[PDB]
Each structure stands twice: as C-alpha cells, then as structure tokens.
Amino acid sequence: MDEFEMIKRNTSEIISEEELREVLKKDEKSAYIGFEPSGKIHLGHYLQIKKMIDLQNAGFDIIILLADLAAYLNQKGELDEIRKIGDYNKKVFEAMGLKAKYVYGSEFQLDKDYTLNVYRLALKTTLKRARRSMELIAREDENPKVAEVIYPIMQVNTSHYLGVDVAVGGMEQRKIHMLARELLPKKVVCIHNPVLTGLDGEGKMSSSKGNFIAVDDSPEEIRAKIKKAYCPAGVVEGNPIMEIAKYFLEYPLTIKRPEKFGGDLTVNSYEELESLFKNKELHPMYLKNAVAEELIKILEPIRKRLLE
C-alpha cells in the first residue's frame, strides 16, 4: 500500500484522486480539518484524527482548526466557554497521538481582510445553496437564523486563508466543500470520511444525540454500550458494531468463542468478517464481545493519558 492508498483507506470519497496524486509529489503539503468544540470526543472524531495521522505519515503538515467562531454561529454557546472546550479537545487529539498545529478560528476569522472575503463570497453564494450546505450541520432550529448561512461561507474561506492543499471532513461537509471548490481561486482536494451510525441504529452518531462511545469511556461503559447496541444477525448495513470492526480494529482478528459454539475464529480481514457475519456464521454476541475488548485496548492509551 503506497501513500495514496494509505490515505484512501476507509474514506468515503476523495475529490479528486488525480488532484491528490499531484499534491503527494510535493515536498511541502498541508491538510486541515476543523471541529466545532465538543464536550465529549467520540469515535467519529477519532476516525477523522486517524485519517489526519495517515496524512501526517504521508508527509503532510497538519493543521487542526478548533472552530470556535463556527460553533458560536451554530449556537453552541458563548465564545469564552466554547474556547475552553476547544482547549480540552486539543488535549484529547494530542492523546490520540496527533502532533499538529492547533489554531482557533477566532484568532483570524474576524480580521478585516477575512471578513471582506466572506462578504465577497456572500455575493456569490445563494441563500438556497447555503442552507442546503448546512442541512447536516446546522443546529435544529424552528426559526433558522442568519448565522446559519454565514457559517458555510466562513468555512469556505478557511481553506483559502490557511492555504492548505487538502481539507478533510466527514461526508456532512461535502456540500460546503463543493461550494469551496467552485468559488475559490485554488481548488482544495477534499477527503471525506464516512459518517458512523449511532449505537442504537437510529441515525448518525452525534455528540448531541448521546449515541456514541467516547474515547475516554471506561472499559465497563464501553462494554455496556456495545452490549445494548443495534446489531441484527446477518445485517451489516447500518450496523454500528460492524462499522467499529471495519474502522478501528486491526487484523488478523481473533474472536473468542466457546467450542460448543464453533470455537475461536481468526479473521484475516474486515472483508472476511463481513462475509462470516452476513452468512450468520458469527453471532452478534461474539462479534460484540470481540469488538468491545479490542476497542477497549485500542482506546486504553488515550484514556490513560487523559487521566494521568
């Protein structure tokens, strides 16, 4: 697996692969991802940080935007408290093994030159397009605020301002990124990560929906969350436990199981696991026990650094 394939592994899409290939040739290249500060950092965040680590290993300088101003526009509270959560998020990201340059949006997104560019972009972006770009990001509001449409153009300008070669985000960010690629002078290569399913199988995993596993959850808590998670036999689509096996576990994977139920099985790839589960040769209970124990070991050093 070369660098391109390492970067591509477990991503939903890369816009565009040809452009990424041109970027990889350079000695100096940079990539960023931004996150509205979150009280709990979960597997969805970890999935993306893992991807930033892949880029870093491929020679990219990484910038992590603690998107405080965006969170502010998206009704997450006052800037002061939001920045505090941002500082906590930085510590968690560092505990994940990512060394990068962390910047707070408000450090530069209120500067006269930034603002003028935001207003120039506002002249080129239709209200309809801006609202559509925020469908999967905007905080639920029966009476949508003007702030909601300022948010996407502020995000489009970040890539321009940072001068990055690559922007990373979950698939929820794809419409904002399409806007950026259409409006900015320089097209940024966009790498989109899949959106994890919530533990109960209802909708996507989210900090606001309480359907996630946080990276610092205790082992006992992880086991309890996985035990009650949606995981119908033979069903892979929308199955959060299979998603965890695909995105976080390493193979070969040894699945412990009593001899009376088939004995231990060693799966050499997620594809093999997917095969077994689909044919109902692996019961949800044993898939769950293996995923919980392996996930606990994966997260252990992060929780340990955060509690130390």
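Quick note: we count residues from 1 along the sequence shown, nothing fancier.
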Mean CA temperature factor from the deposited coordinates, higher in 82 to 90 or in 148 to 156?
82 to 90
Compare the mean C-alpha B-factor of 270 to 278 with that of 26 to 34 as given in the PDB entry, and name the stretch with the higher value.
270 to 278
Per the entry's Cα B factor values, which of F60, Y251, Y247, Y46 stands out as the maximum?
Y251
Could you check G170, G203, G105, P219 and tell me which one carries the biggest Cα B-factor in the deposited entry?
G203
Among modelled residues of the same chain, the CA temperature factor third for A233:
highest
Quick check for you: using the entry's CA B-factors within this chain, is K128 in the lowest, middle or highest third?
lowest
Sorting the chain's modelled residues by C-alpha B-factor and splitting them into thirds places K76 in the middle
Check where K51 lands among this chain's C-alpha B-factors and tell me if it's the lowest, middle or highest third.
lowest
Chain thirds of CA B-factor: placement of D141:
highest
